[PDB]
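The structure appears right after this line, and notes come after that.
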Amino acid sequence: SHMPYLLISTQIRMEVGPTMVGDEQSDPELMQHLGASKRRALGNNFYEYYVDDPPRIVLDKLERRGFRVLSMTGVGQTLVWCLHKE
Amino acid sequence: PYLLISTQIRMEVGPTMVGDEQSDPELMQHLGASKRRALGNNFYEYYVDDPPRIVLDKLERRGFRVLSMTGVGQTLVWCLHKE
Amino acid sequence: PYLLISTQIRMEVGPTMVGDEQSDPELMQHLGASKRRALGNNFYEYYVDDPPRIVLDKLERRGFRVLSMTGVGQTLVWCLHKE
Amino acid sequence: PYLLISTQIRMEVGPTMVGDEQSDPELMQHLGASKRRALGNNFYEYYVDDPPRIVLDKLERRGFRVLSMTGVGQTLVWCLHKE
Amino acid sequence: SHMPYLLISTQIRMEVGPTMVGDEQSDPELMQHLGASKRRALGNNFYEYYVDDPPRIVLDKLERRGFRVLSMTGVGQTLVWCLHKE
Ligand SMILES: [K+]
Ligand SMILES: [K+]
Ligand SMILES: [K+]
Ligand SMILES: [K+]
Ligand SMILES: [K+]
């Protein structure tokens with residue numbers, strides 16, 4: 001179902017994918033719209049959604065869906081974007 | 001009016017820290033938070049098993065908005081404001 | 001009009017650095033801040049025992065708003081502006 | 001209408017990375033960017049020799065505004081939005 | 001003279017200078033207004049503008065000149081502020 005907050009991420013380089021676009025409880029229709037695939041990384045008990053696109057492409061698709069970036073941060077070697085439906 | 005929440009990577013999974021000892025008990029109860037004292041700390045912390053995206057959606061319904069998100073060590077922190 | 005405050009992890013516990021040597025003495029007194037000097041520093045700093053969420057709430061009452069929050073090393077820093 | 005640009009420290013000197021392989025060729029041309037494939041990468045990147053402050057000013061003239069700036073590794077990244 | 005964006009920085013501690021306030025192409029009048037001087041770090045072939053003031057002092061001076069902080073970030077042991085003339 002619809003969720004107003006989204007978290008997306010990519011590891012450096014920022015210009016290339018994959019971009020993580022969702023967790024197990026993400027909107028399946030939105031994940032399908034992004035062209036995302038579902039997988040379970042080694043050691044995780046949860047599925048994650050990801051796309052081969054770089055984050056700029058994902059951000060533009062999310063903008064057309066009504067999402068806006070509220071914040072971006074780095075942690076480890078990962079860039080994370082926090083978006084909100086507004 | 002201000003809230004600080006956090007999770008360690010992975011961002012898609014909990015636990016999420018949702019409060020310090022002086023947090024509003026009613027808001028903590030609304031989030032379904034548990035209270036615990038980590039080893040070595042003399043203060044209680046409120047936490048939930050939910051990932052941060054779930055907590056952010058619950059706080060949005062309570063009038064909070066994310067002002068900023070940052071990384072420190074291996075932790076992601078969100079600063080929210082009631083407005 | 002600008003303020004910089006900080007705390008080291010854990011974010012839920014103090015001390016919180018609330019000023020440099022040239023900070024507004026009246027605002028530092030209002031926050032209940034004390035002066036201290038780190039061993040290798042030739043300057044005084046203002047600090048409170050409160051965690052940063054408590055300081056942020058006191059600063060909102062004085063007309064300050066968080067514009068940005070970031071991590072550096074093991075420190076969380078907030079940049080506030082009086083609006 | 002989002003953009004991501006970056007530079008490694010020092011922030012006062014280029015090169016500034018201004019685009020990925022699928023970036024708007026007109027905007028890349030407006031920035032005076034060159035296209036190259038770094039050693040070991042299968043993708044092309046757009047870059048300029050200018051420091052990021054110069055790039056930010058050029059993007060401002062095309063209606064872009066910085067929403068966020070962050071550090072990761074030894075890289076500074078800016079996220080801009082056409083607004 | 002028109003500087004839509006500014007980048008300033010200091011290394012920790014944030015309560016003490018020097019604060020880097022410009023690159024070689026910065027407006028000399030704004031640099032003079034801040035009381036900035038030029039310096040060259042050993043490894044750089046370019047000069048930078050700096051002040052002995054901590055960043056809070058610089059932010060207040062820039063606020064009086066029409067600048068507003070849009071973002072602040074840490075990278076390595078440096079704090080950087082991105083300001084926009086608005
Ligand atoms: K990437
Ligand atoms: K987590
Ligand atoms: K602390
Ligand atoms: K650079
Ligand atoms: K400093």
Side-chain angles (χ1 to χ4, degrees), chain C residues 1-4 6 17 19-23 38 40-45 67-68 70 72-73 75 77 79 81, chain D residues 6-16 49-57 66 69-71 74-76 78, chain E residues 1-85:
Chain C
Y2 280 96
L3 295 180
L4 296 179
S6 72
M17 290 300 112
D20 56 87
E21 211 164 42
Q22 302 171 257
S23 287
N41 294 344
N42 74 6
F43 59 92
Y44 298 97
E45 67 209 27
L67 298 199
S68 179
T70 199
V72 64
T75 303
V77 178
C79 175
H81 181 245
Chain D
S6 75
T7 197
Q8 298 196 354
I9 60 180
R10 291 282 300 267
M11 73 185 186
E12 300 92 342
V13 69
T16 298
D49 285 346
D50 307 290
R53 183 190 55 84
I54 298 294
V55 179
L56 292 178
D57 289 355
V66 167
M69 173 189 58
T70 200
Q74 65 210 77
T75 304
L76 282 167
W78 287 262
Chain E
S1 77
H2 188 50
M3 287 193 79
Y5 278 96
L6 296 181
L7 296 178
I8 73 168
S9 72
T10 196
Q11 296 195 353
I12 59 181
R13 291 279 303 272
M14 76 181 179
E15 302 89 342
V16 71
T19 298
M20 297 299 110
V21 298
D23 56 84
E24 298 193 333
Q25 302 171 258
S26 293
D27 169 26
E29 195 280 324
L30 177 67
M31 297 301 103
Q32 178 168 73
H33 170 74
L34 297 175
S37 294
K38 301 174 178 185
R39 82 163 294 266
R40 288 168 171 279
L42 187 64
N44 301 340
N45 70 2
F46 57 92
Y47 70 80
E48 63 217 27
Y49 282 104
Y50 79 98
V51 294
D52 284 344
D53 306 292
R56 182 190 56 84
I57 298 294
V58 178
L59 293 177
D60 286 353
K61 292 181 181 179
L62 294 172
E63 200 259 8
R64 295 181 223 111
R65 285 290 274 243
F67 294 90
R68 178 182 176 88
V69 169
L70 298 202
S71 192
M72 172 189 59
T73 197
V75 60
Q77 66 208 79
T78 305
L79 284 167
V80 181
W81 287 262
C82 176
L83 299 96
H84 178 246
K85 173 85 168 61

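The chains referred to below are lettered A, B, ... by the order of the sequence lines, with proteins before strands, and numbering in each begins at 1. Scope of the values below: all heavy atoms of this structure, side chains included, with no hydrogens, waters or symmetry mates.
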Kindly compute the distance separating [atom1] ([X]) from [atom2] ([Y]), expressed to the nearest 0.5 Å.
X	Y	atom1	atom2	value
E/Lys61	E/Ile8	NZ	CD1	11.0 Å
E/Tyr49	E/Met20	OH	CE	13.5 Å
C/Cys79	E/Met72	SG	CE	5.5 Å
E/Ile57	E/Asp52	CD1	CG	12.0 Å
E/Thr78	E/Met14	OG1	CE	14.5 Å
E/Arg68	E/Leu59	CZ	CG	12.0 Å

Kindly say whether [Y] contributes a backbone atom to a donor-acceptor pair with the side chain of [X] at under 3.5 angstrom?
X	Y	answer
E/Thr73	D/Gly71	yes
E/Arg39	E/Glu48	no
E/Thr19	E/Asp53	yes
C/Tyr2	E/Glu63	no
D/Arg53	E/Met3	no
E/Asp23	E/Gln25	yes
E/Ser9	E/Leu79	no
E/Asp27	E/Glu29	yes

Smallest separation among heavy atoms of [X] and [Y], with atom names:
X	Y	value
E/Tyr5	D/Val66	OH-N, 3.0 Å
C/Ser68	E/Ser71	OG-C, 4.0 Å
E/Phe46	D/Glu12	CE1-CB, 4.0 Å
E/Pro55	C/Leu4	CG-CD1, 4.1 Å
D/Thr7	D/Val13	OG1-O, 3.3 Å

Do [X] and [Y] make a side-chain contact, defined as non-hydrogen atoms from C-beta onward lying under 4.5 Å apart?
X	Y	value
E/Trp81	E/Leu6	no
E/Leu34	E/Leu62	yes
C/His81	C/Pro1	yes

E/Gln32 atom CD: more than 12 heavy-atom contacts under 6.0 Å: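 Not buried by this count: 12 neighbours or fewer within 6.0 Å.
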
Is E/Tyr47 atom OH crowded by more than 12 heavy atoms from other residues, nucleotides or ligands, each under 6.0 Å away?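 Counting other residues, nucleotides and ligands, OH of E/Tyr47 exceeds 12 neighbours.
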
